[PDB]
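Participant: Sharing a structure here in structure tokens format.
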Amino acid sequence: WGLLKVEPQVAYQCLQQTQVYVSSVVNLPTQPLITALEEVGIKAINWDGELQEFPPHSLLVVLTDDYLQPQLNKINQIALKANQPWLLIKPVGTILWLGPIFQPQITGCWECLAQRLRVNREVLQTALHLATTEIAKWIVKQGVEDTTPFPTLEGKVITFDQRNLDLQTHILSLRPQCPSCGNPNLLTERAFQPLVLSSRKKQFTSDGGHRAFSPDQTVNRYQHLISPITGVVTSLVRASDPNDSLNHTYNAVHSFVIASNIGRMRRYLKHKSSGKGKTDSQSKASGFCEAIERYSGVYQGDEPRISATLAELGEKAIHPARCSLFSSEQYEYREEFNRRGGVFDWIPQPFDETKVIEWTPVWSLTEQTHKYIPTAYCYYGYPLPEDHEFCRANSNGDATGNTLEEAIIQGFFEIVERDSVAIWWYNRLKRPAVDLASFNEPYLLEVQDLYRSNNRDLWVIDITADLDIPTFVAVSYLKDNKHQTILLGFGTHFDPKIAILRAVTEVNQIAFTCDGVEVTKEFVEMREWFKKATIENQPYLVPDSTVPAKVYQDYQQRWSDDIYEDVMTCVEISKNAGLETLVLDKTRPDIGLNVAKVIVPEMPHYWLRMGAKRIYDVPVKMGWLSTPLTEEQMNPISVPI
Amino acid sequence: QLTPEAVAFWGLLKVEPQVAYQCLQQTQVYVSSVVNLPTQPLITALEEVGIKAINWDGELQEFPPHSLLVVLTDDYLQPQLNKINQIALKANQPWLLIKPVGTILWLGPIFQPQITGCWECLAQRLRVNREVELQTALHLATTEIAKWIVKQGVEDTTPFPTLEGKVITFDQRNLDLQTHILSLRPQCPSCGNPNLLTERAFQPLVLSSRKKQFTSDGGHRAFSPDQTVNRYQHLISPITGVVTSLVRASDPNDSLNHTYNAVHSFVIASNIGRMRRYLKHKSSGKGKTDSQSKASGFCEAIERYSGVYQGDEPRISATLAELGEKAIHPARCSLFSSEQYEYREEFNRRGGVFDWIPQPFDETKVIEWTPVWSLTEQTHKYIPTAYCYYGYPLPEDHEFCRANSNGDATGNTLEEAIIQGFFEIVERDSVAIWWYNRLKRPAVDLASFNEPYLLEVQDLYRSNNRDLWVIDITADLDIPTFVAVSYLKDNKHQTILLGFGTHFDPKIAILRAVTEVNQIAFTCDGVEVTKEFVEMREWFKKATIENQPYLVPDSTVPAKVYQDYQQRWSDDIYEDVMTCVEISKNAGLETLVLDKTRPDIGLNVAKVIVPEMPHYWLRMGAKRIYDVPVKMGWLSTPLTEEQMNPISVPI
Ligand SMILES: [Mg+2]
Ligand SMILES: [Mg+2]
Ligand SMILES: [Mg+2]
Ligand SMILES: [Mg+2]
Ligand SMILES: [Zn+2]
Ligand SMILES: [Zn+2]
């Protein structure tokens, strides 16, 4: 009782004014905790939950076996209504959860923790003494002692395991969009307001692209979101690739990307997620950013939408076929194409304007107005009718950044990369090479030499489209082998140097995985590719020797000092090509790290989306072809990467 | 037949009651206290869950075949515990040490003899680390004892994380739990062999070839510091570890192209009040590297710990006369002038602690000599022990030398440590020769090094109003040695920053120099006029680029390029050691190697001693400083001692 070093007998005065109402949720013995509480002098009286009003300086303790018991939803309503602090304890099982001191209007309520646990659970006497210690610490932290000399479990879950004797701390996050403790529809007011971009001049861009803040600092700041109970990223494995390779490193994260209803297949395969690889020490930062973007892209019911059909919306709505861009021939052969195709290139049902769907507002930058995109195309896991699965949400254009403008730039670069890759791949076009020596980067030369030493010839091809945004594809194939195992990487940026860096990082993220490749475990779609990825059979994968190789001085410099001007110049670049750039703010207020989805209608993905006239017309416009290619004359193989 | 409350406790151990109950008739727990702590509460706590626990007198050695001895204490450095350890090792009886008092609980390890370290394996590292300045306990102790009992009994399931050789530190105030891995020490006086270093030193040193596998960045190193930290994290602890870390990355995270790490540990066993607490604390084992984002700061701490005298180090008590030519005179290593000894007191009132002048060596007195392996002669020489190890107890009237870090180095292999130490030695030699003669040297064009990092750093420094350049100060050994000089323009305080680098590969030597400059740079607000950098702040305040003309490159001689240095580095480090040895032999020098690595730590640490090589500090007794500039033709005539630079090297 004196280990709190607060007072020998003055602290008892606090115990003379504080009552602790102990209660059980589902069949827990309340008496032992009560007796433990009078053992140290705390006046504890049993409660059942019917009482709402409480005397000042009171704490309500509730015991449970699971943190998602429905009865808690009642208690969470009682506490918020009465503004009463309460503690949640799980004394049973091998793992003990001390739970947070739910203080209304200051810390998160129970609903925040329950929502995060649900989003995260898609996959004896010592408890009493620890609970007594935590309660006693809370008693003195509010009556006499100050904030600093009194650590408390307020808004903090302590997970203690006796079997391994290890203790972990999870930080409960107050969600401003929580239905119970906050504004339940903050997103619909945020989206309806016009989107405004604030200028933010960069300060340090020595390496890792044009970022105004260190991604390591971002991970350090957002480590409070890294938790398997009260967090959004499961962490767990963290780094996957060995740390010996300093030039290129990797790190893995666990999240949810696909929401298939097959439990058996989800049990082993769909669990965890991907996102791994960077030449800089920010591979873990990139994986964390991708996990954050995937978590922000999932549907949870708070998303802004309006139930209507295309007729009422008129010109304000973008037709789903204008974004998905599937050819009518693909639709009319949907069944057998889906039967022979993979999950990535699944062909959805044709969209009919007769039915009524939910449209999410988006900010059209080119017209500076509000358009409407089908919600199923924006958010993962959106429940669609079994007869109206007209589209499935993908990661194309979704991007992460500290500022919204940086996320917009990343998303637009992703869209441009996908368009250029599709145009080059499906036309089977030959494009000039790029000499890495002219790029003034010894890293490219040394990684090329390393790949050649490992019996893998590597080179880079320039596939820049009419947008004139420097984009490159790095291709590496194993020599003197029947299985070439062609590895591809794509990199697009205003700065050609970092575009080449992105391409080489993407191509060598798989290069070091050789000699023990995880094969069919998750590269099943890439298996048959390696059975046919031969340079002689794919002549477009080798550069056109006739045209001289492009150099670093062949590309104009377009990047500006401030990211706002980068967003602007991207807008005029898109406008000059007769395209409309739309931005959807996926940033969750409870997280704070900006996530944005950039949607451009006519821009296609690299999957079998043959309905886009860009693939047919852009090579003609640049003169790469004299006549547009017929749909059946294009490449019948999807892009493996 | 136990109470249902007891069988509930065994439930969380995933063991059926029938299997567990049987073990309860075969395990006897003798509970005892060393500081008169209440022993009964733990006995009754163990009896409640069914464990047959009885009190222990403290002297009985006869024990049943299956048993466990629990010892309660308030501190782990109680002298009486040493007796208990002697009982445990002699009787081969496992025992657990518990500290159930105070705010912070120490669960202590299960000291199993011949498998885990004994008590004093923990006690020595606690003593080194502590040179600065309750129902929960019972229940955790009961849980740990029961886990050990069930693990010892059947071991039906593989996962049994018992406390065997592992200390659990639990702080209830903020409720945090830490794990410290106790490490068995082969040189421990009681459980191990306390003579191990003596046989290791007397045996001839043999170097084995080991071809390098990865030389991506940082230099010719076997592995990145991250791998070393991952391998040796069991030494990172404030209880049973050699380095406390805690601070870890102290440099700002905004910088990306370079990083630095600082940790706090113990290097010198001091006793003066001005050195006991005020200055010894915040001792930074700095590690600066361009690669990575957090650095390590771990190798320096390891070498400093390995250089500390502990009494196990090999030594023979004799004098120079009977040792003969096999010994090396201390003045042949310290290299202090006789004129520097005659006015030792006057030069000791003024100046820093680093450049203190020791008393002249006396050949009549008897001292302890540590054997070292001379590679040039491939034999054993003898160096005074006080010159090799930190904190060696020297007589007040015969304090002839003080151990320094010159030549000490680390490595995953002994040969790599030897290379690093030799590079440090030649670096300091060349820097002293250049500095004390005030010689002007040709510049080095960074663009010729085909490294964009050099140009980026130079441009950043120029943007920050700090002009930076590089000067080649390579000595007669022809090992590329570079000094990077930075100074702030348009200011009355230039704050000249100097970095030193030396390697066979000129590119990584330049990289070392610029990294050394950058580690000190970007610390304008770091004022230490009186805390720890009084000499550095004095140098910043009273040294410009015009009053120190040698600091600027010589404009007359054209700047050296990257193609002006011959290539000597090889794929394997063994012939690198051999070529360093033959380079030293050609210059009429003897290379000596002392293996300071400890068997418990494992990481290789070596001190390379070359007698005639001077250091940064005021060591005017070496004829190399006087003669090498003449030999290379830099100076027509040797410089008189009073004509040299009267300012010590601040870096
Ligand atoms: Mg990605
Ligand atoms: Mg993306
Ligand atoms: Mg150093
Ligand atoms: Mg050193
Ligand atoms: Zn809430
Ligand atoms: Zn021992």
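By order in the structure tokens, chains are A, B, ...; within a chain, residues start at 1; ligands start at 1, following the order shown.
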Tell me as a VMD selection string which residues belonging to chain B come within 8 Å of chain A, counting only C-alpha atoms.
Facilitator: chain B and resid 8 to 9 12 to 13 102 to 103 135 to 136 139 to 140 143 160 to 161 172 to 174 176 to 177 216 to 217 223 to 224 226 to 227 253 to 254 256 to 257 292 to 293 451 to 452
Participant: If we count only C-alpha atoms and set the cut-off at 7 Å, which residues sit around residue 260 in chain B, ignoring sequence neighbours fewer than 6 positions away in its own chain? Please answer as a PyMOL selection string.
Facilitator: chain B and resi 249+251+286-289+294-295+519
Participant: Restricted to N, CA, C and O atoms, what would the selected residues look like written as an mmCIF file, in the first residue's frame?
Facilitator:
```
data_model
loop_
_atom_site.group_PDB
_atom_site.id
_atom_site.type_symbol
_atom_site.label_atom_id
_atom_site.label_comp_id
_atom_site.auth_asym_id
_atom_site.auth_seq_id
_atom_site.Cartn_x
_atom_site.Cartn_y
_atom_site.Cartn_z
ATOM 1 N N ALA B 249 19.498 5.666 -30.502
ATOM 2 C CA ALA B 249 19.690 6.727 -31.487
ATOM 3 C C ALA B 249 19.450 8.082 -30.834
ATOM 4 O O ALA B 249 18.312 8.425 -30.497
ATOM 5 N N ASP B 251 21.073 11.047 -32.266
ATOM 6 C CA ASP B 251 21.157 12.062 -33.299
ATOM 7 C C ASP B 251 19.775 12.345 -33.882
ATOM 8 O O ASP B 251 18.881 11.497 -33.826
ATOM 9 N N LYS B 286 30.131 6.827 -29.046
ATOM 10 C CA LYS B 286 29.612 7.306 -30.318
ATOM 11 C C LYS B 286 29.963 6.358 -31.458
ATOM 12 O O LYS B 286 31.095 5.881 -31.573
ATOM 13 N N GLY B 287 28.970 6.078 -32.298
ATOM 14 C CA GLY B 287 29.189 5.374 -33.544
ATOM 15 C C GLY B 287 28.512 6.100 -34.685
ATOM 16 O O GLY B 287 27.283 6.217 -34.702
ATOM 17 N N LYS B 288 29.292 6.595 -35.642
ATOM 18 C CA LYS B 288 28.776 7.411 -36.732
ATOM 19 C C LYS B 288 29.030 6.709 -38.058
ATOM 20 O O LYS B 288 30.160 6.298 -38.339
ATOM 21 N N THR B 289 27.981 6.577 -38.866
ATOM 22 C CA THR B 289 28.100 5.938 -40.168
ATOM 23 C C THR B 289 27.127 6.597 -41.133
ATOM 24 O O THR B 289 26.008 6.951 -40.753
ATOM 25 N N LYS B 294 19.910 4.800 -37.967
ATOM 26 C CA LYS B 294 20.028 4.891 -36.521
ATOM 27 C C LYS B 294 21.420 4.569 -35.995
ATOM 28 O O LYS B 294 21.675 4.795 -34.807
ATOM 29 N N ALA B 295 22.316 4.045 -36.836
ATOM 30 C CA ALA B 295 23.670 3.664 -36.443
ATOM 31 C C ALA B 295 23.660 2.637 -35.316
ATOM 32 O O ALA B 295 22.601 2.117 -34.950
ATOM 33 N N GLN B 519 29.381 13.989 -38.113
ATOM 34 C CA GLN B 519 28.944 13.578 -36.782
ATOM 35 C C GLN B 519 29.037 14.731 -35.793
ATOM 36 O O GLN B 519 28.125 14.942 -34.984
#
```
Participant: Per residue of chain B within 6 Å of ligand 6, what are the shortest atom pair and its distance in Å to one decimal, counting only C-alpha atoms and all ligand atoms, with rows by chain and residue number, as CSV?
Facilitator:
```
residue,atom,partner,partner_atom_place_in_ligand_line,distance
B:117,CA,ligand 6,1 (Zn),5.0
B:118,CA,ligand 6,1 (Zn),4.2
B:120,CA,ligand 6,1 (Zn),5.4
B:121,CA,ligand 6,1 (Zn),4.4
B:185,CA,ligand 6,1 (Zn),5.9
B:188,CA,ligand 6,1 (Zn),4.5
B:190,CA,ligand 6,1 (Zn),5.4
B:191,CA,ligand 6,1 (Zn),4.2
B:192,CA,ligand 6,1 (Zn),5.7
```
Participant: Can you pull out every residue with an atom within 12 Å of ligand 5? Use only C-alpha atoms and all ligand atoms and format it as a count of residues only.
Facilitator: 35
Participant: Tell me, counting only C-alpha atoms and all ligand atoms, for each residue of chain B within 8 Å of ligand 4, which pair of atoms is nearest and how far apart they are in Å to one decimal, in rows ordered by chain and increasing number, as a tab-separated table.
Facilitator:
```
residue	atom	partner	partner_atom_place_in_ligand_line	distance
B:300	CA	ligand 4	1 (Mg)	7.5
B:405	CA	ligand 4	1 (Mg)	5.3
B:406	CA	ligand 4	1 (Mg)	5.6
B:407	CA	ligand 4	1 (Mg)	5.7
B:408	CA	ligand 4	1 (Mg)	4.9
B:409	CA	ligand 4	1 (Mg)	5.3
B:420	CA	ligand 4	1 (Mg)	7.9
B:421	CA	ligand 4	1 (Mg)	6.6
B:424	CA	ligand 4	1 (Mg)	6.2
```
